[PDB]
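Colleague: Before I ask anything, here is the structure I am working with.
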2 protein chains.
Amino acid sequence: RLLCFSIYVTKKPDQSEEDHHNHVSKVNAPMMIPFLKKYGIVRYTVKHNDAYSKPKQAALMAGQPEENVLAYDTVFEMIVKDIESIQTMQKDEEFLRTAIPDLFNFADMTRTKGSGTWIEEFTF
Amino acid sequence: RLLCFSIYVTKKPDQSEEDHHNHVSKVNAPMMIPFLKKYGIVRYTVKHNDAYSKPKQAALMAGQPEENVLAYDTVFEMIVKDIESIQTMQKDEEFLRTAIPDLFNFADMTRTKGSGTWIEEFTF
Ligand SMILES: Cc1ccc2c(c1)[C@@]1(CC1(Cl)Cl)C(=O)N2
Ligand SMILES: Cc1ccc2c(c1)[C@@]1(CC1(Cl)Cl)C(=O)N2
């Protein structure tokens, strides 16, 4: 069974949506990919809730109460064979001086939520 | 850009965790796969929050406030090229007499949350 670590991010207060998503896509992602490769992450997915997606979400959620729509700006998902892969990555001294400080440039670090699940995957 | 429809499920009241996850994995999934194939869904992921994953989640979320942990029993994610793929699936008359009724046998249908996002994916 593969596992999934999900991180639900609220953007940095008073950062623009454009600036948030550009930072996430263009800076955070290349900074993280080497670590994810090194530590054996199987799949990494970045989900964006912005002006592009919002009409699509409004269509999918038509007829739903607004409170039943998730508000997070960005959601990151890391799929791994074992959580030791993630914990080892997180304590890597390079990670501590690259990825950790970078969080403060895009996330409201008072508000992050997370989960850990086991998954089933299907492709067609 | 691919899109992701995420569905956050709370189990049916008083249904056991074991009964919930067995139903989702063994019954709902084979019922959904034909529709997902037909309507051109690219990837379908089912995330489980149960006795197997919970010690793994507790380790990943060590030092986090309990309120910062997502509590959904099951999370479904459908990745598509366009939301019309999903909307057409959902109105398929076969879907209406198979997948829709089956929801009541595993989900608390007063409480489902959802989102629609645009995604970036990386494999290693
Ligand atoms: C937004 C965010 C909040 C908390 C944590 C992270 C991001 C990390 C770097 C990853 Cl993504 Cl693993 C972590 O170690 N904890
Ligand atoms: C738990 C749940 C709640 C609402 C909806 C669904 C599941 C569906 C069948 C899918 Cl998964 Cl597309 C739908 O049409 N709306």
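Naming scheme: A, B, ... for chains in displayed order of the structure tokens; residues 1 onward per chain; ligands 1 onward as shown.
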Using only C-alpha atoms and a distance of at most 7 Å, pull out the residues of chain B that contact chain A, as an NGL selection string.

Modeller: :B and (37 or 42-49 or 53 or 56-57 or 68-70 or 83 or 112-124)

Colleague: If you take only C-alpha atoms and all ligand atoms and a cut-off of 7 Å, which residues of chain A touch ligand 1, and what are their nearest atom pairs and distances in Å to one decimal, in chain and number order, as a tab-separated table?

Modeller:
residue	atom	partner	partner_atom_place_in_ligand_line	distance
A:7	CA	ligand 1	1 (C)	6.3
A:9	CA	ligand 1	1 (C)	5.5
A:86	CA	ligand 1	12 (Cl)	6.7
A:90	CA	ligand 1	14 (O)	5.0
A:99	CA	ligand 1	9 (C)	6.0
A:100	CA	ligand 1	9 (C)	5.7
A:103	CA	ligand 1	1 (C)	5.8
A:107	CA	ligand 1	1 (C)	5.8
A:109	CA	ligand 1	3 (C)	6.5
A:112	CA	ligand 1	3 (C)	5.5

Colleague: Might you pull out every residue within 9 Å of residue 20 in chain A, with only C-alpha atoms counted and same-chain residues fewer than 2 positions away left off, and present them as a ChimeraX atom specification?

Modeller: /A:11-12,15-18,22-25,73-74,105-107

Colleague: Output N, CA and C atoms of each residue in that selection to a file, as a compact mmCIF listing (two decimals), in the first residue's frame.

Modeller:
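Everything below was put into selection.txt:
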# COMPACT_ATOMS: atom_id res chain seq x y z
N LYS A 11 -2.50 30.86 1.47
CA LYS A 11 -1.44 31.77 1.05
C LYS A 11 -1.05 32.77 2.14
N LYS A 12 0.21 33.21 2.04
CA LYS A 12 0.78 34.25 2.88
C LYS A 12 -0.14 35.47 2.89
N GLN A 15 -0.38 38.36 0.23
CA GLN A 15 0.26 38.02 -1.03
C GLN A 15 -0.85 37.83 -2.07
N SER A 16 -0.61 38.36 -3.26
CA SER A 16 -1.57 38.20 -4.38
C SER A 16 -1.69 36.72 -4.77
N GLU A 17 -2.84 36.33 -5.30
CA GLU A 17 -3.00 34.95 -5.81
C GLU A 17 -1.95 34.70 -6.91
N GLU A 18 -1.81 35.64 -7.83
CA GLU A 18 -0.83 35.49 -8.93
C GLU A 18 0.57 35.28 -8.34
N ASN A 22 2.60 31.74 -8.85
CA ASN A 22 3.85 31.83 -9.58
C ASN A 22 5.01 31.34 -8.71
N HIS A 23 5.03 31.75 -7.45
CA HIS A 23 6.10 31.34 -6.54
C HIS A 23 6.07 29.81 -6.38
N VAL A 24 4.87 29.27 -6.13
CA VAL A 24 4.72 27.84 -5.93
C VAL A 24 5.18 27.07 -7.15
N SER A 25 4.71 27.44 -8.34
CA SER A 25 5.01 26.73 -9.57
C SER A 25 6.43 26.92 -10.06
N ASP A 73 -5.61 27.63 -0.93
CA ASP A 73 -4.99 28.17 -2.14
C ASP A 73 -4.21 27.12 -2.90
N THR A 74 -3.39 26.31 -2.18
CA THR A 74 -2.59 25.28 -2.79
C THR A 74 -2.66 24.02 -1.93
N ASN A 105 7.74 32.47 2.35
CA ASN A 105 7.57 33.36 1.22
C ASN A 105 6.30 33.03 0.43
N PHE A 106 5.54 32.01 0.83
CA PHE A 106 4.27 31.79 0.13
C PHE A 106 3.09 31.30 0.99
N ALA A 107 3.31 30.74 2.19
CA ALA A 107 2.28 30.15 3.01
C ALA A 107 2.07 30.98 4.28

Colleague: For CA of residue 27 in chain B and atom 12 (Cl, counted along the ligand's line) of ligand 2, quote the distance in Å rounded to one decimal.

Modeller: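 The value is 15.4 Å.
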
Colleague: From the list A:19, A:31, A:101, A:62, which residue is nearest ligand 2 when using only C-alpha atoms and all ligand atoms?

Modeller: A:62
